[PDB]
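Just the one chain here, the form solved without its partner chain, laid out as C-alpha coordinates.
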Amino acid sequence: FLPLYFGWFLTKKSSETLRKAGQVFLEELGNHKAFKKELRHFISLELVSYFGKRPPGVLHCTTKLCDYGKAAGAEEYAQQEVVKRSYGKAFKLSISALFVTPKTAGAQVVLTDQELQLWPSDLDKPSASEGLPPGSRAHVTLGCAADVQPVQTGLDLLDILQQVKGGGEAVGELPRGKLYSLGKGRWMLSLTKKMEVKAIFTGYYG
(Lines give C-alpha, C1' and ligand atoms only; values in the text may rest on other atoms or scores of the structure.)
Protein backbone atom coordinates (compact mmCIF):
# COMPACT_ATOMS: atom_id res chain seq x y z
CA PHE A 1 0.00 0.00 0.00
CA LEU A 2 0.90 3.69 -0.28
CA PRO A 3 2.48 5.80 2.49
CA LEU A 4 0.57 8.10 4.83
CA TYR A 5 1.89 10.94 2.68
CA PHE A 6 4.74 11.89 0.33
CA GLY A 7 6.91 14.93 1.01
CA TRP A 8 10.32 16.48 1.57
CA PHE A 9 11.78 15.67 4.98
CA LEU A 10 14.42 18.08 6.25
CA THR A 11 17.78 16.86 7.51
CA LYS A 12 18.30 17.04 11.27
CA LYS A 13 20.53 20.09 10.81
CA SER A 14 18.14 21.88 8.45
CA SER A 15 15.20 21.03 10.69
CA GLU A 16 16.95 22.52 13.70
CA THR A 17 17.85 25.71 11.80
CA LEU A 18 14.29 26.29 10.55
CA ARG A 19 12.73 25.35 13.90
CA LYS A 20 14.95 27.69 15.91
CA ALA A 21 14.16 30.47 13.43
CA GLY A 22 10.47 29.73 13.90
CA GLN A 23 10.50 30.06 17.69
CA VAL A 24 12.60 33.24 17.52
CA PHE A 25 9.93 34.69 15.22
CA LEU A 26 7.19 33.77 17.71
CA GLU A 27 9.13 35.40 20.55
CA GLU A 28 9.82 38.52 18.47
CA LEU A 29 6.30 38.88 17.05
CA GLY A 30 4.89 38.49 20.56
CA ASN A 31 7.10 41.23 21.99
CA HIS A 32 6.36 43.58 19.11
CA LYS A 33 4.34 46.76 19.50
CA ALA A 34 2.33 46.13 16.32
CA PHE A 35 1.14 42.71 17.50
CA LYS A 36 0.00 43.80 20.96
CA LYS A 37 -2.48 46.27 19.45
CA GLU A 38 -4.37 43.66 17.44
CA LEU A 39 -4.58 41.00 20.14
CA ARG A 40 -8.38 41.27 20.17
CA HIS A 41 -8.23 40.34 16.48
CA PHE A 42 -6.14 37.31 17.50
CA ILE A 43 -7.39 36.15 20.91
CA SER A 44 -10.75 36.81 22.60
CA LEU A 45 0.59 36.40 25.09
CA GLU A 46 3.48 33.95 24.62
CA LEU A 47 2.95 32.61 21.11
CA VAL A 48 5.37 29.74 21.71
CA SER A 49 2.91 28.59 24.36
CA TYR A 50 -0.07 29.38 22.13
CA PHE A 51 1.29 27.18 19.34
CA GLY A 52 1.89 24.34 21.79
CA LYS A 53 1.32 21.60 19.23
CA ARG A 54 4.55 21.28 17.25
CA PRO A 55 6.25 18.62 15.12
CA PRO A 56 7.99 16.27 17.61
CA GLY A 57 10.79 15.22 15.24
CA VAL A 58 12.11 16.57 11.95
CA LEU A 59 10.14 19.13 9.95
CA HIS A 60 8.67 18.24 6.56
CA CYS A 61 6.97 19.69 3.48
CA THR A 62 4.06 17.53 2.36
CA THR A 63 3.31 17.02 -1.32
CA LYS A 64 0.39 14.58 -1.28
CA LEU A 65 -1.65 13.09 1.56
CA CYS A 66 -2.35 9.49 0.56
CA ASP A 67 -3.55 7.86 3.78
CA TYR A 68 -2.43 4.46 2.46
CA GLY A 69 -4.53 4.92 -0.68
CA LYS A 70 -7.71 6.02 1.09
CA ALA A 71 -7.31 9.63 -0.04
CA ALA A 72 -8.58 10.69 -3.46
CA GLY A 73 -5.90 10.74 -6.16
CA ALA A 74 -3.40 8.87 -4.00
CA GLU A 75 -2.84 6.04 -6.48
CA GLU A 76 -2.71 8.46 -9.43
CA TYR A 77 0.03 10.43 -7.67
CA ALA A 78 2.24 7.51 -6.62
CA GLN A 79 2.12 5.89 -10.07
CA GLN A 80 3.82 8.95 -11.57
CA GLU A 81 7.31 8.34 -12.98
CA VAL A 82 8.68 11.56 -11.51
CA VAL A 83 7.56 10.44 -8.05
CA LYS A 84 9.28 7.06 -8.44
CA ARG A 85 12.45 8.63 -9.88
CA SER A 86 12.55 11.32 -7.18
CA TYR A 87 11.97 8.82 -4.37
CA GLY A 88 14.95 9.04 -2.02
CA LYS A 89 16.50 11.96 -3.90
CA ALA A 90 17.87 15.06 -2.19
CA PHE A 91 16.34 18.50 -2.74
CA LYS A 92 16.71 22.08 -1.53
CA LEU A 93 13.64 24.01 -0.34
CA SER A 94 13.52 27.80 -0.45
CA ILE A 95 11.85 29.45 2.56
CA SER A 96 10.54 32.89 1.56
CA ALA A 97 8.57 33.85 4.66
CA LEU A 98 7.40 32.90 8.13
CA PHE A 99 3.74 33.44 9.01
CA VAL A 100 1.31 33.27 11.90
CA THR A 101 -2.47 33.05 12.27
CA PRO A 102 -4.84 32.33 15.17
CA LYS A 103 -4.73 28.69 14.03
CA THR A 104 -1.20 27.96 12.77
CA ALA A 105 2.40 29.06 12.43
CA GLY A 106 4.39 27.94 9.42
CA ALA A 107 6.92 28.69 6.74
CA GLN A 108 6.18 29.38 3.09
CA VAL A 109 8.05 27.18 0.63
CA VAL A 110 8.81 28.47 -2.88
CA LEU A 111 9.09 25.35 -5.04
CA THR A 112 11.44 25.16 -8.00
CA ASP A 113 10.23 23.95 -11.40
CA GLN A 114 11.71 20.52 -10.77
CA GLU A 115 9.99 20.27 -7.39
CA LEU A 116 6.70 21.54 -8.81
CA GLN A 117 6.62 18.37 -10.91
CA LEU A 118 6.25 16.52 -7.58
CA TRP A 119 3.21 18.61 -6.65
CA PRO A 120 -0.21 16.99 -7.15
CA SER A 121 -3.24 18.37 -9.00
CA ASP A 122 -6.26 16.36 -7.83
CA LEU A 123 -9.94 17.05 -8.54
CA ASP A 124 -10.57 18.59 -5.11
CA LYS A 125 -8.86 21.96 -4.60
CA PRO A 126 -10.03 24.34 -1.85
CA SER A 127 -11.48 27.76 -2.70
CA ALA A 128 -8.37 29.69 -1.60
CA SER A 129 -6.43 27.93 -4.38
CA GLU A 130 -8.12 30.06 -7.04
CA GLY A 131 -6.08 32.73 -8.85
CA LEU A 132 -2.78 31.52 -7.43
CA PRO A 133 -0.16 29.38 -9.20
CA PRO A 134 0.16 25.67 -8.30
CA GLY A 135 2.40 24.87 -5.34
CA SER A 136 1.51 28.12 -3.61
CA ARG A 137 0.20 25.90 -0.80
CA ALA A 138 3.70 24.47 -0.20
CA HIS A 139 4.73 24.98 3.42
CA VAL A 140 6.37 23.64 6.57
CA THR A 141 4.23 23.46 9.71
CA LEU A 142 6.00 24.95 12.74
CA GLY A 143 3.06 24.92 15.18
CA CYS A 144 -0.73 24.82 15.71
CA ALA A 145 -3.34 25.97 18.22
CA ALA A 146 -4.71 23.37 20.66
CA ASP A 147 -7.74 22.34 18.59
CA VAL A 148 -6.17 22.86 15.14
CA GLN A 149 -4.82 20.18 12.78
CA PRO A 150 -1.50 20.55 10.89
CA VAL A 151 -3.30 20.30 7.54
CA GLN A 152 -4.84 23.71 8.35
CA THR A 153 -1.43 25.37 7.86
CA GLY A 154 -1.67 25.05 4.08
CA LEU A 155 -5.13 26.58 4.05
CA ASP A 156 -3.87 29.43 6.23
CA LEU A 157 -1.07 30.10 3.75
CA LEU A 158 -3.36 30.11 0.70
CA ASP A 159 -5.74 32.46 2.51
CA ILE A 160 -2.77 34.72 3.25
CA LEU A 161 -1.48 34.64 -0.33
CA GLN A 162 -4.93 35.65 -1.62
CA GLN A 163 -4.72 38.82 0.49
CA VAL A 164 -1.28 39.86 -0.81
CA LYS A 165 -2.38 39.23 -4.41
CA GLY A 166 -4.46 42.40 -4.11
CA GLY A 167 -1.20 44.26 -3.59
CA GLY A 168 0.87 46.73 1.23
CA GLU A 169 3.22 48.54 3.61
CA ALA A 170 5.11 46.91 6.49
CA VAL A 171 4.30 47.81 10.10
CA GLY A 172 7.65 46.76 11.55
CA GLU A 173 11.20 45.52 11.01
CA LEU A 174 12.37 42.21 12.45
CA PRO A 175 16.09 41.30 12.20
CA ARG A 176 15.41 38.83 9.35
CA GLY A 177 12.97 41.04 7.44
CA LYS A 178 9.86 43.23 7.27
CA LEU A 179 6.69 42.43 9.22
CA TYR A 180 3.30 42.69 7.50
CA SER A 181 -0.08 42.90 9.23
CA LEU A 182 -2.70 41.35 6.97
CA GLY A 183 -5.61 41.74 9.39
CA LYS A 184 -7.80 39.20 11.17
CA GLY A 185 -4.92 37.89 13.25
CA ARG A 186 -2.67 37.14 10.27
CA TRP A 187 1.02 38.09 10.14
CA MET A 188 3.81 37.52 7.61
CA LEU A 189 7.57 37.99 7.89
CA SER A 190 9.13 38.56 4.46
CA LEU A 191 12.70 37.32 4.90
CA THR A 192 15.34 39.63 3.43
CA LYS A 193 17.32 36.59 2.33
CA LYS A 194 15.47 33.34 1.72
CA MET A 195 16.52 30.36 3.83
CA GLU A 196 17.58 27.16 2.08
CA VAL A 197 16.92 23.87 3.83
CA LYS A 198 18.07 20.47 2.64
CA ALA A 199 15.49 17.69 2.46
CA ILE A 200 14.85 14.21 1.08
CA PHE A 201 11.75 13.27 -0.92
CA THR A 202 10.17 10.05 0.29
CA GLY A 203 7.08 8.55 1.95
CA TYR A 204 6.08 8.60 5.62
CA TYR A 205 4.32 5.64 7.23
CA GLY A 206 2.38 5.81 10.48
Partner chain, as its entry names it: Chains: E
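Residue numbers count along the first chain shown, from 1.
Another form exists, solved in complex with its partner chain; not displayed. Remarks below refer to it.
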Next item on the list: Using a 4.5 Å heavy atom cut-off, state whether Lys13 contacts its partner chain in the entry with it bound.
Entry: yes
Notebook entry, point to check: Quick one: is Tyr77 in contact with its partner chain in the entry with it bound, heavy atoms, 4.5 Å cut-off?
Noted result: no
Notebook entry, point to check: Is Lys125 close to its partner chain in the entry with it bound, meaning a heavy atom pair under 4.5 Å apart or at it?
Noted result: no
Note to self: With a cut-off of 4.5 Å between heavy atoms, is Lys184 one of the residues that contacts its partner chain in the entry with it bound?
What the structure shows: no
Next item on the list: Note that its partner chain is not shown here; using its position in the entry with it bound, name the residues of 92-107 with a heavy atom within 4.5 Å of it, in sequence order.
Entry: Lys92
